Amino acid sequence: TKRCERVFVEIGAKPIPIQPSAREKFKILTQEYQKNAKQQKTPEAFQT
RNA sequence: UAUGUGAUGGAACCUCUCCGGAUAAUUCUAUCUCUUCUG
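Mapping the first sequence onto the working numbering, position 9 (from 1) lands on 11, and the numbers just tick up by one.
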């Protein structure tokens, strides 16, 4: 169903610090996606 | 690399003491996936 992609234009905002736990949560979710990909038998070429 | 009328060093066991032990049913159902355009 994909029809249009999104591009992020720059804005004048002050940088905001990132909490340490954010990268841990990102790691957890990024093994979750691949685990679900193998257990769901999805095509790697079309893997979203 | 000695010094000479005098060397049991073959003249001495790395010996003694200590459970690779403890815990675990080869079992089994809820989704997955994010951008759609005024409707």
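A virtual CB, placed ideally from N, CA and C, is assigned to each residue, including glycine.
In the DSSP assignment, the alpha helix (DSSP H) including residue i goes from what residue to what residue?
i: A39; result: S23 to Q42
Could you tell me the distance, in whole angstroms, from the CA atom of residue i to the CA atom of residue j?
i: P17; j: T44; result: 38 angstroms
i: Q36; j: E7; result: 23 angstroms
i: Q33; j: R25; result: 12 angstroms
i: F48; j: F28; result: 22 angstroms
i: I13; j: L31; result: 28 angstroms
i: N38; j: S23; result: 22 angstroms
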